[PDB]
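Structure, as structure tokens:
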Amino acid sequence: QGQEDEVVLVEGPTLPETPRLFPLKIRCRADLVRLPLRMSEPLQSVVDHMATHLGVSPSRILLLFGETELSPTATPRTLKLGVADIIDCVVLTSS
């Protein structure tokens with residue numbers, strides 16, 4: 001008992017049931033922001049959102065969990081990110 005899947009192939013109907021997102025915990029310059037994101041969703045979601053928040057380009061945004069270097073292409077799934085698992089949005093001189 002637990003048929004957990006969604007047939008996103010052969011016709012694309014109106015699915016009002018959204019996927020199971022979670023409030024990803026990002027750290028700004030001195031504050032915490034939460035946005036609804038999928039584990040399968042790449043960090044490009046938090047990158048774009050933090051870029052618009054800080055008034056910078058998404059290319060300048062680098063996510064950093066403690067001491068590790070994350071990327072916009074990397075997914076919270078493989079990274080084991082969460083609601084308590086916090087990633088630093090740092091604006092670098094990306095040139």
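All residue names refer to the structure tokens as shown: chains lettered A, B, ... in order, residues numbered from 1 in each chain, ligands numbered from 1 in order.
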
As a tab-separated table (two decimals) with N, CA, C and O atoms, in the first residue's frame, please: every residue in chain A that DSSP puts in strand (DSSP E).
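And here is the file that came out, out31.tsv:
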```tsv
chain	number	residue	atom	x	y	z
A	22	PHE	N	9.56	21.78	-0.32
A	22	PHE	CA	9.88	22.12	1.08
A	22	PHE	C	10.50	23.53	1.12
A	22	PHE	O	11.09	23.97	0.12
A	23	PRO	N	10.36	24.28	2.26
A	23	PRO	CA	11.04	25.58	2.43
A	23	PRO	C	12.57	25.41	2.59
A	23	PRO	O	13.08	25.13	3.69
A	24	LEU	N	13.29	25.52	1.45
A	24	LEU	CA	14.77	25.52	1.41
A	24	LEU	C	15.27	26.72	2.23
A	24	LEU	O	14.81	27.85	2.02
A	25	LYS	N	16.17	26.45	3.18
A	25	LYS	CA	16.74	27.48	4.06
A	25	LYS	C	18.03	28.06	3.46
A	25	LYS	O	19.08	27.41	3.45
A	26	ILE	N	17.93	29.27	2.90
A	26	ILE	CA	19.09	30.02	2.40
A	26	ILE	C	19.46	31.09	3.43
A	26	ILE	O	18.58	31.63	4.11
A	27	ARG	N	20.76	31.39	3.56
A	27	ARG	CA	21.24	32.49	4.40
A	27	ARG	C	21.71	33.64	3.49
A	27	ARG	O	22.62	33.48	2.67
A	32	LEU	N	17.77	34.90	7.31
A	32	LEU	CA	17.33	33.61	6.73
A	32	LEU	C	16.09	33.80	5.85
A	32	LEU	O	15.10	34.41	6.27
A	33	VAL	N	16.16	33.28	4.62
A	33	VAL	CA	15.05	33.25	3.65
A	33	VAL	C	14.66	31.78	3.38
A	33	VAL	O	15.54	30.92	3.28
A	34	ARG	N	13.35	31.50	3.30
A	34	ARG	CA	12.82	30.17	2.91
A	34	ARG	C	12.02	30.30	1.61
A	34	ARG	O	11.15	31.18	1.51
A	35	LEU	N	12.30	29.44	0.61
A	35	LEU	CA	11.47	29.38	-0.62
A	35	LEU	C	11.04	27.92	-0.90
A	35	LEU	O	11.80	27.00	-0.59
A	36	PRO	N	9.80	27.69	-1.46
A	36	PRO	CA	9.32	26.34	-1.79
A	36	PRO	C	10.07	25.79	-3.03
A	36	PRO	O	10.00	26.36	-4.13
A	37	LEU	N	10.79	24.68	-2.81
A	37	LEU	CA	11.66	24.07	-3.82
A	37	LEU	C	11.64	22.53	-3.67
A	37	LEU	O	11.47	22.01	-2.57
A	61	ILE	N	25.96	34.56	-7.78
A	61	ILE	CA	25.51	33.82	-6.59
A	61	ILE	C	26.25	32.46	-6.47
A	61	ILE	O	26.25	31.66	-7.41
A	62	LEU	N	26.88	32.24	-5.31
A	62	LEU	CA	27.54	30.97	-4.96
A	62	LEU	C	26.99	30.49	-3.62
A	62	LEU	O	27.11	31.19	-2.61
A	63	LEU	N	26.39	29.28	-3.60
A	63	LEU	CA	25.87	28.67	-2.37
A	63	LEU	C	27.01	27.92	-1.68
A	63	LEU	O	27.78	27.22	-2.33
A	64	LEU	N	27.12	28.10	-0.36
A	64	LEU	CA	28.21	27.54	0.45
A	64	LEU	C	27.64	26.96	1.76
A	64	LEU	O	27.25	27.72	2.66
A	65	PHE	N	27.59	25.62	1.87
A	65	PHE	CA	27.15	24.95	3.11
A	65	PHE	C	28.37	24.76	4.02
A	65	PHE	O	29.15	23.82	3.85
A	68	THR	N	31.87	23.92	2.12
A	68	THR	CA	31.80	23.25	0.79
A	68	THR	C	31.28	24.23	-0.28
A	68	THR	O	30.47	25.12	0.02
A	69	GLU	N	31.75	24.04	-1.52
A	69	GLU	CA	31.39	24.89	-2.66
A	69	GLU	C	30.28	24.22	-3.47
A	69	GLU	O	30.51	23.18	-4.10
A	87	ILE	N	22.32	27.15	3.52
A	87	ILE	CA	23.36	27.44	2.51
A	87	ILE	C	23.56	28.96	2.32
A	87	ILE	O	22.60	29.70	2.09
A	88	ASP	N	24.82	29.41	2.44
A	88	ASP	CA	25.20	30.84	2.34
A	88	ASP	C	25.21	31.30	0.88
A	88	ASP	O	25.99	30.81	0.07
A	89	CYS	N	24.32	32.25	0.57
A	89	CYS	CA	24.28	32.93	-0.73
A	89	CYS	C	25.31	34.08	-0.75
A	89	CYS	O	25.06	35.17	-0.20
A	90	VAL	N	26.48	33.82	-1.34
A	90	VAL	CA	27.61	34.77	-1.38
A	90	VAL	C	27.78	35.30	-2.81
A	90	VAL	O	27.91	34.52	-3.76
A	91	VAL	N	27.77	36.64	-2.96
A	91	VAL	CA	27.97	37.31	-4.25
A	91	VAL	C	29.48	37.50	-4.50
A	91	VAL	O	30.14	38.27	-3.78
```

Counting only C-alpha atoms, closest pick from A:31, A:71, A:49, A:38 relative to residue 86 (chain A) is A:31

Env of residue 77 (chain A): 10 Å cut, atoms = only C-alpha atoms, seq-sep filter 5 positions within chain, self excluded. Answer as a PyMOL selection string.
chain A and resi 38-42+82

query: Where does DSSP see helix (DSSP H, G or I) in chain A, if you list the residues as a PyMOL selection string?
result: chain A and resi 44-54+58-60+76-79

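You can rank A:4, A:53, A:44, A:72 by their closest distance to residue 29 (chain A) using only C-alpha atoms, and at the top of that list sits A:53.
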